[PDB]
Each structure stands twice: as C-alpha cells, then as structure tokens.
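Read through the structure below, which is laid out as structure tokens, and then see the notes.
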Amino acid sequence: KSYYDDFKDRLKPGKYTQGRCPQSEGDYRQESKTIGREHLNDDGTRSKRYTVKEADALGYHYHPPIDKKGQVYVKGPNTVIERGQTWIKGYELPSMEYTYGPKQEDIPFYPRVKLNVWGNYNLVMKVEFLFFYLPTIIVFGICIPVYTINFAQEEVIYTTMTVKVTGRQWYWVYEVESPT
Amino acid sequence: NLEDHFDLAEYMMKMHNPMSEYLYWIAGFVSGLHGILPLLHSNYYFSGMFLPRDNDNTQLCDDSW
Amino acid sequence: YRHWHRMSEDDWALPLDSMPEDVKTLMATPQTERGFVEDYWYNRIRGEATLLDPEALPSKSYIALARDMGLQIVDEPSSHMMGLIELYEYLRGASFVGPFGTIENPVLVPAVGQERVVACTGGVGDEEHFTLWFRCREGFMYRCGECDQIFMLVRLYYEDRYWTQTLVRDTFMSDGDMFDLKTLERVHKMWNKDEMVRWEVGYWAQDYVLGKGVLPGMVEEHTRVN
Amino acid sequence: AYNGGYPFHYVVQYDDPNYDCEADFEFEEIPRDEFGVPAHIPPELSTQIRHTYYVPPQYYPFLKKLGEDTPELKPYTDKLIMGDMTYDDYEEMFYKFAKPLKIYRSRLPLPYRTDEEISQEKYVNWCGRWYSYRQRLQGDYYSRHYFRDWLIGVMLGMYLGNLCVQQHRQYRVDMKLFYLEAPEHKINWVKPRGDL
Amino acid sequence: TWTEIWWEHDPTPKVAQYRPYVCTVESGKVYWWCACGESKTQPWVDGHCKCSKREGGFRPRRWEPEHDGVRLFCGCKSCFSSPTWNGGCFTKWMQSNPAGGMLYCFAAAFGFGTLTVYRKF
Amino acid sequence: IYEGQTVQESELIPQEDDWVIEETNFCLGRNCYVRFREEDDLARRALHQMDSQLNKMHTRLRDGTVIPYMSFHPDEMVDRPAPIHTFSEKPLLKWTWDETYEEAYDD
Amino acid sequence: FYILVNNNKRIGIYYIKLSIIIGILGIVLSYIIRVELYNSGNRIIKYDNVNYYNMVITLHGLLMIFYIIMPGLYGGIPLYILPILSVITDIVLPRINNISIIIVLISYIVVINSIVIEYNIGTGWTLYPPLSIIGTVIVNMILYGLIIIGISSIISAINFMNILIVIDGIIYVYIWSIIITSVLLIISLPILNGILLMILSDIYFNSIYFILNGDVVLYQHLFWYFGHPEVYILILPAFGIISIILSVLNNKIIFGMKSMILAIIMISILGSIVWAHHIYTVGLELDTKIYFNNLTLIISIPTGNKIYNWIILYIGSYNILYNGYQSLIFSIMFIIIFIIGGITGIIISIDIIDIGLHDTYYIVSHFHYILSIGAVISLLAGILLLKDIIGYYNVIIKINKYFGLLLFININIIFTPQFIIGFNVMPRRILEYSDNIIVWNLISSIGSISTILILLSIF
Ligand SMILES: CCCCCCCCCCCCCCCCCC(=O)OC[C@H](COP(=O)([O-])OCC(O)COP(=O)([O-])OC[C@@H](COC(=O)CCCCCCCCCCCCCCCCC)OC(=O)CCCCCCCCCCCCCCCCC)OC(=O)CCCCCCCCCCCCCCCCC
Ligand code: HEA
Ligand code: HEA
Ligand SMILES: [O-][O-]
Ligand SMILES: [Cu+2]
Ligand SMILES: [K+]
Ligand SMILES: [Zn+2]
Ligand SMILES: [Zn+2]
Ligand SMILES: [Zn+2]
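Protein chains in written order, with the deposited numbering: chain 4P, 26 to 205; chain 4S, 2 to 66; chain 4X, 33 to 258; chain 4I, 42 to 237; chain 4T, 33 to 153; chain 4Y, 24 to 130; chain 4Q, 405 to 863.
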C-alpha cells in the first residue's frame, strides 16, 4: 500500500512562496495585537521587542517566578488507587501517525536481542596483542634498512672534484675549478 | 515559555523568514568572490587583460586562435 | 554537603535589625502565613521566651517544649519526605551507587519533574556493562535491556508543589495555643533590669510591642546615620 | 584540621559598650574571644586553660529531668550541672544524639501494572536469562569465526604482496644486465652542447 | 554451524536449494520469505509450510525492495543477508560436501592466480 | 572484557513446558519528518515536537515492565532538536556494589 | 540576540556555519589551482601575475587548516556535544566561548581584506624565511591573523580542559580525544607564538635573526615543533567522532576502550617529538635524522591499533539494519581512506625515499587523502549523525548514495594521480610544468571540477 495516501488530506499544498504573503498585503513584521500574544509577531514568530529590545535577561519586565514560600507550580502525576495500593499511570506519547503521519501498521519485526559482545577472553587478548605487535614487527623490519640507507648517504667518500652551486632569485650560479 | 524551549525555535519549528537563509548564502557567495575578483584585477593591472587566453605566453602557430 | 560553599553569618543567626517591627501581629500570624524572616523571629522569640523561664521547663512536656522552639515532632510521613529531600540534595554533587535493583526493590530515582535521565552500568564486577542511558519517566517500571535491572522514578510532589523543608513543616506541624504577650513581658523583666539586658531579643521585641522607642536606649539604638 | 585551625566564624567581645572597630582609630582597646580570653594571651596558652559552661542554678532541675528521661544523656547533663562540661563535651553530646532521616519504600506509589502483568514476572525473568545465555555463547562463536576470517586477509595480502616481490626480483636482474650487456647503454656518445 | 554444534534452541531450517532463487520484485510491494525450506512456492511462503503455520519457531521473513529489479534470494535458508543472497548458499554446501567445496575453491583460486600473475608478471 | 550477565542453570528452568521466548516487536513504528500542522503556532508546534521524541518511547513486556529507548552516550537523551537548557536535573549514573548498612533494613 | 548568545550549543552551530562560509573561499582557491594546472601555458593567471598563484596556494592552505577544518572539528562538533557527553548543563567558561568564535571571524575578515587591499604575493602556508620576511605588507596581515587565531585556539583549549573538573559522568573516548588535542595546543601554541613574533621582529623591527650568521633553519624547527602537532590536533577530534559513530550505528560497545584512549595519548606524546621529519632535506646530522625517522615510524603502532579496533566494531553488526545511511558510509570510508594516507606517510617517513619525494605532489596527495578526504568526511559524518539533535534541514544528504559514491570516486580522481607525478617528478608550489606531465595533471583537474558540481546536488 501507499502510506502517503493515508495522510494526504493533512498536507494541503501551499499558495505563497516561502509561506508568506508580500509584506504589503500583510505586515508580518509588526507585533500582533491579539490579547495574550504581545510577545509574538503577526506571523507567529517572536517579536524583536520580546527577545532583543526588552529582553528579560537585561532587566526588563522583572518578575520573579518563585513565591514567598520558595515554591513553583508543579503538575502532579495521574494517581489511581487500586487493590489497596496507590498507583501512578505514566503518560504514553501519542500514536506516531498523529505526529509523523504514516499509519502504524505492518511494522517490520525487530526482536529484542542483548548486546552483540565478543567472547572468549583468551582469544580476544591474543588478537589485541597482535593488533599492537604485528605493526611493531613491521616497524622493526624497516628499522635496520633505515639505518643502513642513512649511513650510506653520510659516507666519507674520496671525492676528487668540487662543484659549488649557489641559488639566487631566480637562477643557479655554478663555480667550477678551471683546468690549469 | 514553550516558544523559548528550543534554541532557534522559529527555524526548528519551520517558521523562520527565508531572508536569513538568503543572507547566509550571500555571505558565502561574497567570500568566494574574494578569490576571483582580485584575480581579475591583478591580471589586468600587470597585463591589461582580465583573463589570459590559453597558451598566450608561448609561441603559437600562425592559424592559432 | 561537599557541594555547598562556606556557612554565612546568617546561617547561624539573623541580625536583630531584621526583626519585624510589628511584633504584636507577628506572634498572631499562622505558620502557613509567615515568611522566612517572620518565621525565624517567631520561633526565636517564642523559643527563647520558654527557655529563659527555668522554673517552668521541668513541668513542660517535650511535645509542648518542641512546639515552643519550633521543632517538628517527626513521624513516618514527614520522615519519608525529609529523607527523600536530603537524598535528592546529596545526589546533586555526589555519585549514585547502591544495591542492584529488582522488581521487589527498584532503584529509586528521585526527581522534581516528570523525567530524569538515568544510566545503567549493570551489576558488580563482570556483570558491569557500558553506560546505557535512558529517560526515566514517571509511571513506568523500567527494565534495562541488558542486565534486567529494574528502575523507578520517585517524584517529590505534593499538592501542586514540590517537597521542601518549609512545605513539610507547614503540612504536618499544627499551631498550638496562641502565644501570649504577657509571657514576653514577664521574661523580659526577668533578664532585663536596671540597664542590664540579658535578653536582647526580648528587649527589642518588647520595645516594638510598646511601639518602638519606649524602652531606655532604644531610640538611640534605632537612630542610624546611613 | 581545616584552615590552619582558624575557625571560619568566631565571636569577638569588646569591653567598651560603644566601641566600633571600623569607626574608631584608638590603640588601647584589646579584643576578647568567645570565652572572654583577652587577645594578648596567646591561643596556645588559652586553649590549655579549661573553660566550662555555667548555667544558672534554676536550670539544674530541668537538666536533671533530661537525664532521667534519657539515661544515655544523663552523664552529659551531670557534667553540665556540675560545671564540668567543656565545649568538646558539648560537641560529643550533640553528635551522639543525631539520627539519620528514614525513607519508607512502602509509601512510594508504584507504576501501574495489572494483576495479569504481575503474574508474568517469573516468565520475563526466564526470558532474560535465556537471552543472556544465548548472548554469551554467540560471543565465543563470532569471535572464532571472524578472527579466523582475518587470516584469509593475511593470506590474500601475502599473495598480492608476493606479486610485487617477483616484479622487484626481475627488476634487479634486469638492472644488473644494463651496464653489462644492454645496447641501450652508450658511452662516448653525449657531447657538450655549449652555451647558446 | 551455530545451530548444528553450538546452540540447540534455535530453529534449524532445511536446505531447499544450495543455489539462490532469481526473482523479479517491485518497489512498494511486501514479500514473505520461507525460513524453513519446506514451502512449495520457493522462495516465498506458500501458506502450508512451517513458517505459515508458525510452527516450531518458524515465521515468514518480511522483505521489501527499495527499487524494482531482479534480486537473488537465499535457498539454503542460512545466508547472513537472508532473505537476500550473499554467497552463504555455497558456504553451507561446502560444509555438507567438503570434498566438492575443495574442488571449486581450488578451481576458483587457480583462475585467480593465473590471471593476476599473467597481467602483473 | 564484558560477555553478558552470568546465568546459573537453575535460572533457565521454566515453570511451564510451553514457555517460549516472547515475540514482542521492538521496532517503535513507522516515522518520517515530523509533520507540523499549519494551524499550530510556534508554541503549539513546540508541543508537537516534544510529543514526537523517540527517546521517550519504550516497549512494554508481558509483565508490565518497559524496556526504554537506550543509548551508549547521553547525547541521545536530550530533546531533538536540543533545547537551550537540557540537564536541569543532573543525570544520574547508577553504580552497583555489594556494600550495605543496617539502617536501610528493618526486622 | 545573535552575537551576544553564550549558549554553548548555539556557538557550536556558529562554528560549523562559519567553516562552511570560509570553506567556500577555500574551495574556490582550490578550483583556481586545478584549473591553472590543467595544461601547460597560462590558463587563468597571467605570467606577469604569477605572484597571485603563490598567494592562492598560501591562502588555500592557511584557510583550510586554521579557519575551516580546525574550527569545524575542534570548535563546532566539540562545543555542541562535549557538555552533553559530560552530562553537564553548559560549558565551564560561557563568556570565553562567545569571544572565541568572534575572534575567528575577525581574523578571517582581516585575511580576506588583505587580499583585496594589499599587493598579492605568497610564501607558502609554512611562511619560511627569508622569503616571508622580504615580502610586502600582506605577509604582515597574515601574521596578525595567525596570532589572533592562536588566541582563540588557546582559550578554547582552556575551556575544554576545565571539563575534567565538572564532568559528572564517564570520560568517553571522544572526550579523551578533545582533551588531548587541548593539551597538544597548550604545549605547542606558545612555541609557535614565539617564532611568529621573531618573524614579525625581522619584518617590522629590523631584527636580524633570518639573515647571515643567523640560522634560517631555526624557524623550521620552531614552526614544525608546532606544525606536526597541528596535524594531530586536526585528526584526533576526527578519530573521536569515528569511534562514536561506529559504536552507535552498529549498536556495539567500543572494543578496547582503554587501548583506544591510550592510543590517543600515545599519538600525542610521539607527535610532539617527531617534527623534524619535515626538515629531512636541510642537512641535519646523521644521528638526528635516524632518531626522527625511527620515532616517526613508531607512531604507526598506536595509530594501527585504533584502526583495527574500529574494524571489529563494524564486523558482526546486524544485517537487518540499513547500512546505506550517509553517516555510516562516511565512517567506513574514513578507515579505507585513512589507511591510504597513513601508509604513504610511512613511505615518506623513510628519509632516503623522502629525498626524492620532498616538495613533490606525492606529499600533497598524502595530506589531502587524510585531510581533504578523511577529515572532511569525518566532520560531515559527525554532523550527519547529529542531524536530529542539531535540527538542520533543507538538504538531501542523510540518505544519498549518489553523493557518497560520486564524492569518493571523484576525490580519488584528483589525488591518486598526484601520487604518480611525485615520481615523474612535478614539484609542489608551481604553476607551470613540463609538457610530459599534462596527462596526470589534466585527469586530476577533471576530478576537481566534477567534485564541485556534486556539492550543488545536496541542496
Ligand atoms: C561547503 C558548502 C556546501 C556544504 C554542504 C553540506 C552541508 C551539510 C549541512 C550543514 C548544516 C550545518 C548546521 C546548520 C544549522 C542551521 C541553524 C539555523 O538555521 O539557524 C537559524 C539562523 C537564523 O534564523 P532565525 O533564528 O530566524 O534568525 C532571525 C534573525 O536573527 C533576525 O531576523 P532579521 O530579519 O531581523 O535579520 C537581520 C537581517 C536584516 O536583513 C536585511 O534587512 C536584509 C536585506 C536584504 C539584503 C540582501 C543582500 C544584498 C546584497 C547586495 C549586494 C550588491 C552587490 C552589487 C555589486 C555591483 C557590482 C558592479 O540581517 C542583518 O541585518 C545582518 C546580516 C548580516 C549577515 C549577512 C552578510 C552577507 C554578506 C556581506 C558581505 C559584505 C562584504 C563587505 C566587503 C567590504 C570591503 C570594503 O539561520 C540562518 O542564519 C540561515 C542559515 C541557512 C543555512 C542553514 C544550513 C542549511 C543546510 C546547508 C545548506 C548548504 C549551505 C552551503 C553554504 C552556503 C553556500 C553559498
Ligand atoms: C591530519 C593530517 C596528517 C596526518 C594524520 C599525517 C600523518 C603522518 N604523516 Fe604527515 N603530513 C601532513 C598531514 C598529516 N600527516 C601534511 C599536511 C604535510 C605537509 C605539510 C607541508 O609540508 O607543508 C605532511 C607531511 C608529512 C611528511 C613530509 C614529507 C616531505 O616533506 O617530503 C612526512 C614524512 O615524514 C609525514 C609523515 C607522516 C606519518 C609518518 C604519519 C602517520 O600519522 C601515519 C600513521 C598511519 C598509518 C601508518 C596507517 C594506519 C596504521 C596502520 C594501518 C598500522 C599498520 C601500518 C604500519 C605497521 C606501517 N607527513
Ligand atoms: C584541510 C585542508 C585542506 C582541504 C579541504 C583541501 C582541499 C583541496 N585542496 Fe588543498 N591544500 C591544503 C589543504 C587543504 N586542501 C594545504 C594545507 C596545501 C599546501 C599549501 C601550500 O602548498 O602552501 C594544499 C595544497 C593544495 C594544492 C597545491 C597547490 C600548490 O601548492 O601547488 C592543490 C592543487 O593541486 C590543492 C587542491 C585541493 C582540492 C582540489 C581540494 C578539495 O576541493 C577537494 C574536494 C573536496 C571538497 C570540495 C570538500 C571540502 C569541503 C570542506 C573543506 C568544508 C567542510 C565543512 C564542513 C563539513 C562543515 N590543495
Ligand atoms: O605532518 O605529518
Ligand atoms: Cu609532520
Ligand atoms: K598552467
Ligand atoms: Zn543494565
Ligand atoms: Zn517455510
Ligand atoms: Zn543461502
């Protein structure tokens, strides 16, 4: 089945590009005049006065929430006494169809399974040893070659001729002994 | 307040003004121009052309164009 | 607690200049209607009035003596609440370690709201697993998917309010016989005479009942320069 | 044993009733401590002197009543009556009778579960144990399979590497024959170009 | 060999075929794959096998393609990527006929060796 | 290394011969982009987002206990998208030990 | 407000946003380079304006390293999740966090303004003297940017170190990754500042450290004493991300957590003592060369342990879970790509091999495979994992197999040929080249234009 067709009705195609009319047709920049919406603009976004110009963190509209007894309003649990016991019924979230749209049917089955752990401690320890010491062996296999080739570059040789090379911007000067 | 629960609530709730996105893209576009415009200006300053013609610093055949 | 900073001077006692000037109404206000400062000075005035009357102490019951000093007689309801309050406060800056949770005795997760983030580390030794974080919402008996450790959320909620020492004292303590100002005057004359004040709080308190400035030296005590 | 022995908060007394340590700038008044010791007597000496609390005798009958109702408290009250209670004795009395707050699990409301659900607790525990048994066994099984497979990669990487060893081997043979037999090697051939 | 020698509490399928089944599938359609190897409408559940009757721990395996096309499906009923095929049918066959497995593996390795050596050399 | 909880054979013995492993689906459901209603304002769209949190979901077992959405790290425990103030009540990492004290018990 | 916000999560978003913006300038410069190198001749830069190319390569390197990848992997993802991973309400130093991002932006504006106003010349991103000290004022401006950037980096490092004092949970591997990078910054930055001040002294205060009887090789020691720790300050946060993604997406607990942590610590100590592998061709003493070559090869050991521990994380994971998510693909691609970059690093580590391959495009391809491919993909993978938490939308990335495939193929078309021309050999930091190197240069150029086109499809 096509699950999109189930909630097609909720999705009415839009009319305005970016979901707003031209400011001339309706001024969404102004604060809403509706009672209880003085902190919102006409289009529903928070007004600059509420968030910037008169932000409460800056000392505007000072109103301490806590009361004299050091208390704030707290909503209680859904308590249901039964069978000589006081129970609390937890709040279950609404069906995912309401929030997301797809109808919650024909859900694929993913069973409960405890974590996929590697076992056999002895075997695992040996692998971890190899994870460290196999590279170490390779490095040791390169070490001797590295020493030899370094020694080879820095070998005192019986050179019989010298060519002096100076690098300047932007050319190479060469000084060579002239035949006598 | 419920409106203040989420950081950048208007954007996260998909109500933000599109101009914010346009400015971000424009800012990136201007940043890119800082590599192209001085290239053209410097080329003209030292040569008299905004951009070279491929291989115009080398010998070209008579019919090359 | 280790997370608290150093005791203030106020943590021990309050300055007598914070005593309410309308003592007559202060001693008649119900406990539920007294603020923090008013409640401090109600208890101190009444408590010290009984303690500074030695001849009456031996004949006074512990129930009456505790009431005069403002101490709450403990009971299982109030003990439960106070204990869970102090456990919440301790967990603010302390680790959360205890016995493995089962259906009979779930791990108790105190919270003020309807949810608190909790992590299960499994059992002890080899039964310990990597931290598995979950959101513990009220009204559900949670079971770890790995070790089957049972968790439960305990809410410090009472009648549209959370649990505080002030709330516990207001809900369970009952105001006794109204404080008699004659006792204040009688004890005042006992320890304060001929320019000697051995009950400073009762000299200030009696002055306010008299109207402020009546007793010797009190006008000079109340005259400040800044 | 904290802050070098200096109490964070302590009482100071002044003989002159109108003395103010902030307004006055005189140089004759000597402050006293909580017990009344003048400041010019050092702490090392004053702390050795024994100070005891003296309550008015009208309190003795009350302190006696406390001891009788709580016999464990009697020795401390007797010291106070006899003027033998120091500050340390008072502290011992104070902390001896402090008790911890008690929490009762029977008063906690429980998450709602039907009687049908409560009768299935053993079954769910049984499922959990079998899940842990199957998990633990699979760990051994998988560890053996995949770590053994990694050997196939070693062997595949040893075969592919050996291909380049053979190419390198043939390369060195060829190089040894260049200067010896290869007609590509030419001598007395390149002549200097000269400056342009 | 998990069901054979390690664990005796999981259902053990019967091999319908040691070769994958080739089938054309359509996006947006749900298919049900036989996990017991006794269905007569392979690779799908026929409504009469163990999977259809929910017998002995056998249940149909739900599957849905992302795009239309021809997909290989497991006949051995043990492939790691079941219902889809990934080569486990050949692996399970080698367990059952180890002598045959060696012959194929030698032949495959022989060809791979010749080609890689011929090109690089 | 961790290899699961240890099991004693006595704990693997059923109380009935028909007991099998419970077949409860741990797929939470079908989801997509959270879909806001046009009619809802900023405040009511915030409520909608708070009601679509996967980390507030769970699976209820046959005995009434629920296995919650769990994660290795606490990054998956805050509301999505992350609110300005997340962990007001300090998240509690529960450690287990065998130590006990007498005050906790009653005879 | 926007600029005044101290929220650590908002600031994390700012770091990613600014990295993308500045990144546009970085990519544009890269396109200029590859276009020029398409054939031999002059293509988009005149022969009289060759100084611009030198400036393009210099700014490309500096911006991508200090203004894009570092602000993205050490400033962006860290500032958003670290306080959450530490189960703490917010970052320890709120006001310092705000100024750090502002500082980065201000130093960026200085750099780009210097392009527009100053004469355009270049001396490499390594600012070797005496060339750096005989240049024009644009070099002075770049120095100011680096010093200003250094201030932001150090204060941010101080901020992360303070989490140890407040962390209320367990220090996860990722937290360990950031802490060690912070330590590497605290120890390396002060040395960089000193040598940069000496560059300024010679540029602006008539100092003589980099003229005869003063050793120019001195700069290279102090610079690279910060240089190489920098490359691990840029990669270690990426490693931390890879660990989280693999464990979360595969639903598998990290294997060898303590070895992962101790591998990160080891890489840092070793990375603080191997800097002179960048100075092999200067003419250092035989024993020095052997020491540095030996210790450089040791870094592979701890780095190798981490790679294999990642592999076993992906092995054995459930087949039912869909594996085509972009974050998972990028995390896996990182292992495949990082091994290529690291192995080539070991090749260049041998000094005798390095004589042939120093200042050639083989070095380019080496550090591109790690940074331009590995680090970028790691940052993308990390952001992608946190898409729900961050909450961004209006892009098609989360499930886009075309983008991953095209990116992987084309990025390799750019830099794989650069390994070949390293044995051709084509020097680095050049624009003109011999006609017999066009084929490979052309192939890489075709790869660059293609990658840019794929960046447009995400929107
Ligand atoms: C690498 C690239 C590819 C990457 C691919 C991969 C990406 C993976 C995903 C990554 C996701 C990262 C995390 C994202 C988190 C997002 C969170 C978020 O949205 O936060 C909310 C945040 C703000 O939302 P809000 O909360 O509603 O904010 C309300 C405002 O605070 C208040 O509202 P207001 O309206 O009151 O606002 C005030 C407004 C008021 O604005 C106005 O009034 C505007 C009026 C119109 C002006 C328009 C521009 C005009 C330009 C004219 C130019 C003329 C040139 C002429 C040339 C002539 C030549 C001859 O602005 C101002 O006053 C100041 C503006 C300053 C900023 C703009 C600067 C522009 C450039 C300037 C250059 C100057 C150079 C000078 C040089 C001088 C030299 C001497 O969003 C944004 O800011 C937009 C973000 C959009 C992108 C989000 C990411 C999407 C996913 C990625 C897409 C790909 C992007 C690629 C990069 C760009 C390419 C170009
Ligand atoms: C984040 C970026 C990054 C990273 C991680 C590295 C990592 C390494 N780099 Fe670096 N490097 C750069 C960025 C980076 N580099 C840059 C940007 C330059 C040029 C700067 C300039 O000159 O301007 C550079 C230059 C550079 C040179 C200079 C060459 C020259 O100037 O001619 C050298 C040589 O020593 C080198 C070596 C290394 C080594 C040995 C590693 C190691 O970290 C690699 C370790 C990883 C592996 C080895 C692979 C994984 C491990 C295993 C698979 C285990 C098995 C392997 C073995 C046993 C070997 N790098
Ligand atoms: C991490 C830093 C980084 C990054 C990403 C890149 C990316 C690229 N670089 Fe790199 N490059 C360097 C750092 C970087 N480079 C350095 C340090 C040098 C040496 C400088 C010098 O010589 O002085 C250099 C040199 C250099 C040269 C040598 C020029 C020369 O000196 O002769 C060339 C061209 O061949 C080149 C090409 C490219 C290309 C084609 C890309 C990329 O365009 C390839 C395609 C990839 C993308 C287009 C994705 C990149 C996206 C982002 C970076 C944004 C990520 C942000 C988030 C995820 C939030 N680079
Ligand atoms: O630099 O490695
Ligand atoms: Cu280096
Ligand atoms: K060219
Ligand atoms: Zn657990
Ligand atoms: Zn079947
Ligand atoms: Zn099969």
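C-beta: ideal position from N, C-alpha, C; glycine also.
If distances are taken between C-alpha atoms only, which option among the options comes closest to residue i?
{"i": "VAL635 (chain 4Q)", "options": "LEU775 (chain 4Q), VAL496 (chain 4Q), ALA785 (chain 4Q), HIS464 (chain 4Q)", "result": "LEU775 (chain 4Q)"}
{"i": "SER111 (chain 4X)", "options": "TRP195 (chain 4X), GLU159 (chain 4X), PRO90 (chain 4X)", "result": "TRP195 (chain 4X)"}
{"i": "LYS100 (chain 4P)", "options": "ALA143 (chain 4X), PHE128 (chain 4X), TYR74 (chain 4X), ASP209 (chain 4X)", "result": "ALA143 (chain 4X)"}
{"i": "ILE715 (chain 4Q)", "options": "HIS762 (chain 4Q), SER592 (chain 4Q), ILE740 (chain 4Q), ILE724 (chain 4Q)", "result": "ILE740 (chain 4Q)"}
{"i": "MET121 (chain 4P)", "options": "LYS79 (chain 4Y), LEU35 (chain 4Y), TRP42 (chain 4Y)", "result": "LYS79 (chain 4Y)"}
{"i": "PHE90 (chain 4T)", "options": "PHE112 (chain 4T), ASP100 (chain 4T), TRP64 (chain 4T)", "result": "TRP64 (chain 4T)"}
{"i": "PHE157 (chain 4P)", "options": "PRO706 (chain 4Q), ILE648 (chain 4Q), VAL843 (chain 4Q), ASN840 (chain 4Q)", "result": "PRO706 (chain 4Q)"}
{"i": "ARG99 (chain 4X)", "options": "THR82 (chain 4X), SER91 (chain 4X), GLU87 (chain 4X), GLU253 (chain 4X)", "result": "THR82 (chain 4X)"}
Can you say whether residue i is buried or exposed, counting buried as having 16 or more other CB atoms within 10 angstroms of its CB?
{"i": "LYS82 (chain 4T)", "result": "buried"}
{"i": "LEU408 (chain 4Q)", "result": "exposed"}
{"i": "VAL102 (chain 4T)", "result": "exposed"}
{"i": "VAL190 (chain 4P)", "result": "exposed"}
{"i": "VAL181 (chain 4P)", "result": "exposed"}
{"i": "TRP38 (chain 4T)", "result": "exposed"}
{"i": "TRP236 (chain 4X)", "result": "buried"}
{"i": "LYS72 (chain 4T)", "result": "exposed"}
{"i": "residue 206 (chain 4P)", "result": "Outside the modelled stretch of chain 4P, which goes from 26 to 205, sits residue 206 (chain 4P), for which no answer is possible."}
{"i": "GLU26 (chain 4Y)", "result": "buried"}
{"i": "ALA642 (chain 4Q)", "result": "buried"}
{"i": "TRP197 (chain 4P)", "result": "exposed"}
Consider the Cβ of residue i: report whether some Cβ of chain 4I lies at a distance smaller than 9 Å.
{"i": "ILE599 (chain 4Q)", "result": "no"}
{"i": "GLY720 (chain 4Q)", "result": "yes"}
{"i": "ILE169 (chain 4P)", "result": "no"}
{"i": "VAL198 (chain 4P)", "result": "no"}
With a threshold of 9 Å between beta carbons, is residue i in contact with chain 4Y?
{"i": "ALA28 (chain 4S)", "result": "no"}
{"i": "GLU159 (chain 4X)", "result": "yes"}
When the Cα atoms are used, what is the spatial distance from residue i to residue j?
{"i": "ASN816 (chain 4Q)", "j": "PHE827 (chain 4Q)", "result": "18 Å"}
{"i": "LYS805 (chain 4Q)", "j": "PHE138 (chain 4T)", "result": "36 Å"}
{"i": "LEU115 (chain 4Y)", "j": "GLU170 (chain 4X)", "result": "15 Å"}
{"i": "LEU509 (chain 4Q)", "j": "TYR419 (chain 4Q)", "result": "9 Å"}
{"i": "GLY180 (chain 4I)", "j": "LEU35 (chain 4Y)", "result": "19 Å"}
{"i": "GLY144 (chain 4P)", "j": "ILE800 (chain 4Q)", "result": "40 Å"}
So is residue i in contact with chain 4P if we call contact Cβ pairs under 9 Å?
{"i": "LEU242 (chain 4X)", "result": "no"}
{"i": "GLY198 (chain 4I)", "result": "no"}
Counting only C-beta atoms, is residue i closer than 9 Å to chain 4T at any point?
{"i": "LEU192 (chain 4I)", "result": "no"}
Checklist entry - Relative to ligand 7, what is the chain-ordered list of residues with a Cβ closer than 7 Å to any of its non-hydrogen atoms? => result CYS152 (chain 4X), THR153 (chain 4X), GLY154 (chain 4X), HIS161 (chain 4X), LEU164 (chain 4X), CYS176 (chain 4X), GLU178 (chain 4X), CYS179 (chain 4X), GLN181 (chain 4X)
Item to check | Any residue whose CB is nearer than 7 Å to a heavy atom belonging to ligand 5, listed in chain order | outcome: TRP628 (chain 4Q), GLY631 (chain 4Q), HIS632 (chain 4Q), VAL635 (chain 4Q), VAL678 (chain 4Q), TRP679 (chain 4Q), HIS681 (chain 4Q), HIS682 (chain 4Q)
Checklist entry - Within the structure, which residues are defined as neighbours of ligand 9 by a Cβ-heavy atom distance below 6 Å, reported in chain order? => result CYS106 (chain 4T), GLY107 (chain 4T), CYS108 (chain 4T), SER110 (chain 4T), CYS111 (chain 4T), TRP117 (chain 4T), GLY120 (chain 4T), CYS121 (chain 4T)
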